[PDB]
Amino acid sequence: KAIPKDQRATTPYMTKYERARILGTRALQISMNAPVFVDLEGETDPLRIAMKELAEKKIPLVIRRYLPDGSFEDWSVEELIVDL
Amino acid sequence: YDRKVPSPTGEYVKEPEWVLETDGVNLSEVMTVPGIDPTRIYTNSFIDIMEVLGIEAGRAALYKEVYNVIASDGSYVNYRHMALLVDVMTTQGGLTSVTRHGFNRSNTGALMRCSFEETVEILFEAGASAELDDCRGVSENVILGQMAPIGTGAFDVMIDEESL
Amino acid sequence: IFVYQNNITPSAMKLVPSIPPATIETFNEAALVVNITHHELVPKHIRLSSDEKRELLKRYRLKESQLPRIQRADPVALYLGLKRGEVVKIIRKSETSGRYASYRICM
Amino acid sequence: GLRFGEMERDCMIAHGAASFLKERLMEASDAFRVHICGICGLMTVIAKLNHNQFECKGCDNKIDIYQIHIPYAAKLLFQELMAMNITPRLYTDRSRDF
Amino acid sequence: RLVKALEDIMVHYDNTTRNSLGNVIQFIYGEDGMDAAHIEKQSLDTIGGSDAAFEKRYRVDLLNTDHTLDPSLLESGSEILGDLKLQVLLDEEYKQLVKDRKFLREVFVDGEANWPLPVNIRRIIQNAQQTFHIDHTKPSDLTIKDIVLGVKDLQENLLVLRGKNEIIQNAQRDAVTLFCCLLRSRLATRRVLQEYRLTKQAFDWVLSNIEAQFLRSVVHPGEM
Amino acid sequence: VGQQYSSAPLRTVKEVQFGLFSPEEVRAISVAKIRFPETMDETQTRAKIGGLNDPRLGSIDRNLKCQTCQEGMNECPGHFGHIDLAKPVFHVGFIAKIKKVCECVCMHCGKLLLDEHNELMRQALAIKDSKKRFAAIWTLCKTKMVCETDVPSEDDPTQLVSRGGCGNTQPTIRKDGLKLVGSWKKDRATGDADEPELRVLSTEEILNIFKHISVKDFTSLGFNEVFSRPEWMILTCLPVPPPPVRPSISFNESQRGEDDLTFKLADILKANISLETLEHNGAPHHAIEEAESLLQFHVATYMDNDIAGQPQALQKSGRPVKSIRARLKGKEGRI
Ligand SMILES: [Zn+2]
Ligand SMILES: [Zn+2]
Ligand SMILES: [Zn+2]
């Protein structure tokens, strides 16, 4: 039921799961001829590209982490600290 | 038994102690006998520990028992896995078994796995009781053609409109 | 608190719940010759105030039905004269972290 | 051997691979498109896709409505429940009026 | 039967362990909110040994010619002698370690010192020494406030729970009590100057590392 | 899936709320009424009578017409029918529940045979599992065969306390196929009260007694005041599943052939009609009771074929028979 960008108690870090699904969804779009936001310095494999987009923080996605009570927090991929 | 105790100088030292092992159990009464240490009495019957020392005590015994069964073969399992099992078995203030106690489920949903050759009968009862399926299981989500809210599916992904 | 010896007449037993809000408790001497709470396996149980209780549910955002339970006639609850709906903070030692605090609502 | 049984499922569950679980267990049946009322989790919504008019009587509802994709096997399994006087209300929300 | 009964229990975003009904099974996973594959058996030194050995290893008394830090373990060695203000800081650290010894001897009545925990401190330390080519033949450039205040500040960053309310902050202190007892025994001023011979640089590196590893050892919401 | 567009927001099912179909609801969501248990032959014209198979429900013949909704014979969610019953009928799947419930509540005023004035009952009322409670309560109330008016309170057993103003005795209900029979008496093995009064409990009595049970009472049982009320286990208004559920194997044209579930709906309706064309033209007391049981048999066999018989007569002297309870014999086993 929405939670202000402030008062977020959830981890600043990306979960292995979040990352896995983000790399999976994004790779699906790349494989379907969807535009890429990172300079393709050779890479051709969609996932390999998706990963490059994650590092350079150019994936316009948002994770809606729901809490067991129904409420939820909204974190942007860009915002999430990636270290797994 | 040799007992690891702090010596007057601080370092742990072994101090032998006489202990009594019995065939048969009557905790409530033996505990009351004079000359013993009621604070340290114990029994491999976690059930009696529960009825006499309370659920919390019961949980700890239930743990110690499971632990020994595994430590028995020199095997090791991180504490958290046996602790989890022991908690599930104790949440409702009692000692619930894990070996298919309920003739219906364990913690599944009606729309979940089509257990028994007759799922219909389970559906009737659900209807007459106003059962509410949370839809967190795999099977139930399969039938709905959706991924279960587990691991990778425990959150939603949405397009972002902030990135310039 | 009524402390008796061997037992009480079932007739007399049905004389306890009859003077609200005052409650009457019964204890068999045998069951008191030893303080169970003084046992290794029995951790610290602390009755929570309705205040703390509200605070507890608010932060973990839980329904009363989502909290672990403890039986009303549980030896420790009987000890602290717990009444249904009351919560107890259980402070136990942990080999994982230092201490771990759990909660149980009296059924 | 050569099968994806209950034990193979538990494994992927522990791995947290929900997508794989859904992919490996989704029946070939068509992902039929149904309309449902937000008041009653029933598929009693008369959808006029050309004139853009969705109306569910008994609830006086024309606005609060949703759309879902579920295998035909489910659509049937549900109508069979309705036929047996059993209501399998499908809700898009978890936190009810609670 | 084991799988079937525990199959719907998952770690949620609040670090809570719950079943499909949303019932709380554990207020924090494994009572420490940590991922088991990031846990290593480490020895809690503070607990074992004689009291003399305990004091010979942790006690630092600037107000005593025989129990101060020899000027060779630290540059400010000779001017630390009889420093009332620092000693007050050094007594705080000792009393805390002595408290731990009690606490640990209650948790492990057996006296067992080796227990699985996150962030292998011994390794981070050995690495530091290798990475900065530390030579045990020179006095460190670490201030006492460096060690004590630094070790103290780090304990405030090892996060499992982030809620801003009272309850959580307390649940957060409990879940990191044990690791924190380990930490203090490994980063006790004397150990830092007399045993490890860490420099201000090496030391600073060790702290940020423990933090990065700690946070990295935390369980991920979604774990089945 | 269905290249057509829909402004309705696309979402995933988060929760599933089960319950019972109330008679008022089955009507509030129907479209037709299904009176004529036949099809086609509109004056020898092989079209489609407004009685069954098409009055308003989904259609065929490549006709986009279907209650102003368009869509094709593959992108259309069959609309549910409607068919009123002349008399109430026990639902096959709940005869067991209906029996126990009757033994928990007084068969006259509809008040629970035991309440808070019974220390053993309270321990039962506290049970959370609606299934475990209903059981723990039924085990206590099935013994009591008298509706107590005054019971000794928690206080002085010397004094009594009044409750349900009713005091009639209860029947020892037993099952006999699709019917329930109640036996009355005045205390087991005693003078001036010997010999029982055996009479069959009519579907109407049960239904009307279930309507006098308070919310607090049926909730004490696993019932829900919004989704599952006791009375609803007794059918008064049967829902007619649209054609998508029950098809019709017809090769191209000319040939009829309709699903085996439509054939059953026909016979159900038939009996329902021969039951109404008696209370209208006046009829014997036992005569009507004949059609009643017949109807029950068809309404029961329809939803679940597994009672006192094997009704097999669907356009085939070979005697075949299908149903809904036995429809997942390749659906609950295919998934
Ligand atoms: Zn509706
Ligand atoms: Zn239509
Ligand atoms: Zn009555």
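The figures here come from the full heavy-atom set of this structure, side chains too, leaving out hydrogens, waters and symmetry mates. First the proteins, then the strands, lettered A, B, ... as listed; each starts at 1.
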What part of F:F134 gets within 4.5 angstrom of chain B, counting heavy atoms only: side chain, backbone, both, or neither?
neither
Is any residue of residues 11-27 of chain F within less than 4.5 Å of chain B by heavy atoms, and which ones?
F:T12, F:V13, F:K14, F:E15, F:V16, F:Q17, F:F18, F:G19, F:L20
How about F:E75: does its CD atom have over 12 heavy atoms from other parts shown lying under 6.0 Å from it?
yes
State whether the number of non-hydrogen atoms from other residues, nucleotides or ligands found under 6.0 Å of F:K179 atom NZ is greater than 12.
no
Would you say B:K4 has more than 12 foreign heavy atoms packed within less than 6.0 Å of its NZ?
yes
Go through the structure and list residues passing side chain to side chain contact (heavy atoms under 4.5 Å, CB included) with B:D37, not counting sequence neighbours.
B:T39, B:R40
Which bit of F:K131 comes within less than 4.5 Å of chain B, counting heavy atoms only: side chain, backbone, both or neither?
side chain
So which residues of residues 117-127 of chain B are in contact with chain F at a heavy-atom cut-off of under 4.5 Å?
B:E117, B:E118, B:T119, B:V120, B:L123, B:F124, B:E125, B:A126, B:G127
For B:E131, is it the side chain, the backbone, both, or neither that has a heavy atom closer than 4.5 Å to a heavy atom of chain F?
both
Got more than 12 heavy atoms from elsewhere within 6.0 Å of CD, F:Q4?
yes
Could you name the residues of residues 226-246 of chain F that have a heavy atom within less than 4.5 Å of a heavy atom in chain B?
F:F227, F:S228
Does F:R334, at its CZ atom, have more than 12 non-hydrogen atoms belonging to other residues, nucleotides or ligands within less than 6.0 Å?
no
NZ/F:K331: more than 12 non-hydrogen atoms of other groups inside 6.0 Å:
yes
Selection from F:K128, F:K97, F:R325 maximising heavy-atom pairs under 4.5 Å formed with chain B
F:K97
Counting only heavy atoms not in B:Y67, do more than 12 fall under 6.0 Å of its OH?
no
Is the number of heavy atoms from other residues, nucleotides or ligands under 6.0 Å of B:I47 CD1 greater than 12?
no
